[PDB]
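Presented below is the structure to which this report refers.
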Amino acid sequence: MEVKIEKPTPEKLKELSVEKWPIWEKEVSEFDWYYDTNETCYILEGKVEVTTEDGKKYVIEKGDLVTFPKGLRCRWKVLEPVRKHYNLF
């Protein structure tokens, strides 16, 4: 229900124009984030353990597309530096 994570076809990721979306990159640290609007983000390289307040972990690897919804507050444990093409909406 919260935290949509799945492994989409790579074809639709072309059509979405993900190459034209903003890159983001970060260090091997951990911090806590707040999504306040919808954000679709495709993991192109690296490893993270997100965890929600329910203590559910959501690791995402190279191949996981994610959409966080409008209003969610979770941790981000960057277990290797990651690159995710994102777009807010």
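Every chain in the structure tokens has a letter given in the order shown (A, B, ...), and although residue numbers restart at 1 in each chain, ligands are simply numbered from 1 in the order shown.
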
Residues of chain A in alpha helix (DSSP H), written as a PyMOL selection string: chain A and resi 10-15

Report the residues of chain A whose backbone DSSP state falls under strand (DSSP E or B), written as a PyMOL selection string. chain A and resi 4-6+25-26+30-35+39-45+48-51+57-60+65-68+72-78+82-88

Could you pull the residues within 10 Å of residue A:81, counting only C-alpha atoms, minus those fewer than 3 positions along the same chain, as an MDAnalysis selection string? chainID A and resid 25:29 45:48 78

Keeping only N, CA, C and O atoms, write the selected residues as a CSV table (one decimal), in the first residue's frame.
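In the end it all went to result.csv:
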chain,number,residue,atom,x,y,z
A,25,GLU,N,22.7,11.5,-6.7
A,25,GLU,CA,23.8,10.7,-6.2
A,25,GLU,C,24.0,11.0,-4.7
A,25,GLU,O,23.7,12.2,-4.3
A,26,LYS,N,24.5,10.1,-3.9
A,26,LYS,CA,24.8,10.4,-2.5
A,26,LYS,C,25.8,9.4,-2.0
A,26,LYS,O,26.0,8.3,-2.5
A,27,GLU,N,26.5,9.8,-0.9
A,27,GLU,CA,27.4,9.0,-0.1
A,27,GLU,C,26.8,7.9,0.7
A,27,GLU,O,25.6,7.8,0.9
A,28,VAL,N,27.7,7.1,1.2
A,28,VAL,CA,27.5,5.8,1.9
A,28,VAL,C,27.2,6.0,3.4
A,28,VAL,O,27.7,5.3,4.3
A,29,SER,N,26.3,7.0,3.7
A,29,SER,CA,26.0,7.5,5.0
A,29,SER,C,24.6,6.9,5.4
A,29,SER,O,24.1,6.0,4.7
A,45,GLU,N,22.1,2.2,-10.0
A,45,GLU,CA,23.3,1.6,-9.4
A,45,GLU,C,23.3,1.9,-7.9
A,45,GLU,O,22.9,2.9,-7.5
A,46,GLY,N,23.9,0.9,-7.1
A,46,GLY,CA,24.1,1.1,-5.7
A,46,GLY,C,23.1,0.5,-4.7
A,46,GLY,O,22.1,-0.2,-5.2
A,47,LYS,N,23.2,0.6,-3.4
A,47,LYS,CA,22.4,-0.1,-2.4
A,47,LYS,C,22.0,0.8,-1.3
A,47,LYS,O,22.8,1.5,-0.8
A,48,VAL,N,20.7,0.7,-0.9
A,48,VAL,CA,20.1,1.4,0.2
A,48,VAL,C,19.2,0.5,1.0
A,48,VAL,O,18.7,-0.4,0.4
A,78,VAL,N,22.3,4.4,3.3
A,78,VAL,CA,23.0,4.2,2.0
A,78,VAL,C,24.1,3.3,2.3
A,78,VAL,O,25.1,3.6,2.9

May I ask which of the residues A:68, A:7, A:50, A:80 is the closest one to residue A:32, counting only C-alpha atoms? A:50

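If only C-alpha atoms are the atoms counted, then among A:1, A:34, A:6, A:86 the closest residue to residue A:72 is A:34.
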
Hey, could you make a per-residue contact list for stretch 41-84 of chain A against stretch 8-17 of chain A with 10 Å as the cut-off, showing the nearest pair of atoms and its distance in Å to one decimal, counting only C-alpha atoms, sorted by chain and number, as CSV?
residue,atom,partner,partner_atom,distance
A:42,CA,A:13,CA,8.7
A:63,CA,A:8,CA,7.9
A:64,CA,A:8,CA,7.5
A:65,CA,A:8,CA,6.7
A:66,CA,A:8,CA,9.7

Output of the above residues as a PDB file, in the first residue's frame, restricted to N, CA and C atoms:
ATOM      1  N   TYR A  42      13.978   5.456  -9.982  1.00  0.00           N
ATOM      2  CA  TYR A  42      14.521   4.200 -10.487  1.00  0.00           C
ATOM      3  C   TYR A  42      15.967   4.073 -10.017  1.00  0.00           C
ATOM      4  N   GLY A  63      17.669  -2.174 -10.335  1.00  0.00           N
ATOM      5  CA  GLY A  63      16.537  -2.802 -11.000  1.00  0.00           C
ATOM      6  C   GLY A  63      15.202  -2.472 -10.341  1.00  0.00           C
ATOM      7  N   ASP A  64      15.187  -1.954  -9.108  1.00  0.00           N
ATOM      8  CA  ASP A  64      13.937  -1.600  -8.438  1.00  0.00           C
ATOM      9  C   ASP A  64      13.551  -0.189  -8.857  1.00  0.00           C
ATOM     10  N   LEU A  65      12.373  -0.064  -9.461  1.00  0.00           N
ATOM     11  CA  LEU A  65      11.655   1.188  -9.523  1.00  0.00           C
ATOM     12  C   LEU A  65      10.869   1.343  -8.230  1.00  0.00           C
ATOM     13  N   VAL A  66      10.726   2.584  -7.786  1.00  0.00           N
ATOM     14  CA  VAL A  66       9.977   2.956  -6.608  1.00  0.00           C
ATOM     15  C   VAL A  66       9.082   4.136  -6.968  1.00  0.00           C
TER      16      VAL A  66
END

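The interatomic distance for the pair atom CA of residue A:2 and atom CA of residue A:56 works out to 10.9 Å.
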
List the spatial neighbours of residue A:39 as a list in words - criterion: any atom at most 12 Å away, only C-alpha atoms, same-chain residues fewer than 6 positions off excluded. residues 3, 4, 5, 21, 22, 65, 66, 67, 68, 69, 70, 71, 72, 84, 85, 86, 87, 88 and 89 of chain A

Got time to write the residues from that selection, N, CA and C atoms, as a tab-separated table (two decimals), in the first residue's frame?
chain	number	residue	atom	x	y	z
A	3	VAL	N	4.79	2.78	-0.14
A	3	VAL	CA	6.07	2.42	-0.74
A	3	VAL	C	5.85	1.41	-1.89
A	4	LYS	N	5.45	1.90	-3.07
A	4	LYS	CA	5.33	1.02	-4.23
A	4	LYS	C	6.76	0.74	-4.70
A	5	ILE	N	7.18	-0.52	-4.69
A	5	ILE	CA	8.47	-0.98	-5.21
A	5	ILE	C	8.17	-2.16	-6.11
A	21	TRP	N	15.20	12.69	-16.91
A	21	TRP	CA	14.86	13.05	-15.54
A	21	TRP	C	16.14	13.52	-14.84
A	22	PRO	N	16.05	14.24	-13.72
A	22	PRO	CA	17.23	14.59	-12.94
A	22	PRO	C	17.88	13.33	-12.34
A	65	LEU	N	12.37	-0.06	-9.46
A	65	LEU	CA	11.66	1.19	-9.52
A	65	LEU	C	10.87	1.34	-8.23
A	66	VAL	N	10.73	2.58	-7.79
A	66	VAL	CA	9.98	2.96	-6.61
A	66	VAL	C	9.08	4.14	-6.97
A	67	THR	N	7.93	4.22	-6.30
A	67	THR	CA	7.16	5.44	-6.18
A	67	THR	C	6.81	5.59	-4.70
A	68	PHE	N	7.39	6.59	-4.05
A	68	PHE	CA	6.93	7.04	-2.75
A	68	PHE	C	5.71	7.95	-2.96
A	69	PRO	N	4.72	7.92	-2.05
A	69	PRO	CA	3.54	8.75	-2.17
A	69	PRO	C	3.76	10.13	-1.57
A	70	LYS	N	2.72	10.94	-1.69
A	70	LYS	CA	2.61	12.27	-1.12
A	70	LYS	C	2.38	12.15	0.38
A	71	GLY	N	3.47	12.22	1.15
A	71	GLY	CA	3.46	12.24	2.61
A	71	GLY	C	3.91	10.89	3.17
A	72	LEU	N	5.22	10.69	3.33
A	72	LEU	CA	5.79	9.54	4.04
A	72	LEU	C	7.17	9.92	4.61
A	84	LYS	N	19.98	7.33	-8.46
A	84	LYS	CA	18.58	7.15	-8.80
A	84	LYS	C	18.00	8.33	-9.58
A	85	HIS	N	17.60	8.08	-10.83
A	85	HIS	CA	16.85	9.04	-11.63
A	85	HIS	C	15.50	9.19	-10.95
A	86	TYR	N	15.13	10.40	-10.51
A	86	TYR	CA	13.88	10.65	-9.80
A	86	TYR	C	13.02	11.65	-10.57
A	87	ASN	N	11.73	11.76	-10.23
A	87	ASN	CA	10.92	12.90	-10.60
A	87	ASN	C	9.81	13.10	-9.58
A	88	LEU	N	9.71	14.31	-9.02
A	88	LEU	CA	8.64	14.73	-8.11
A	88	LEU	C	7.36	14.96	-8.92
A	89	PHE	N	6.18	14.72	-8.34
A	89	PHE	CA	4.86	14.93	-8.93
A	89	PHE	C	3.78	14.72	-7.86

Looking at A:31, A:43, A:49, A:62, which one is nearest to residue A:79, with distances taken over only C-alpha atoms? A:49

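Remark: for residue A:76, the closest of the candidate residues A:19, A:37, A:24, A:60 is A:60 (distances computed over only C-alpha atoms).
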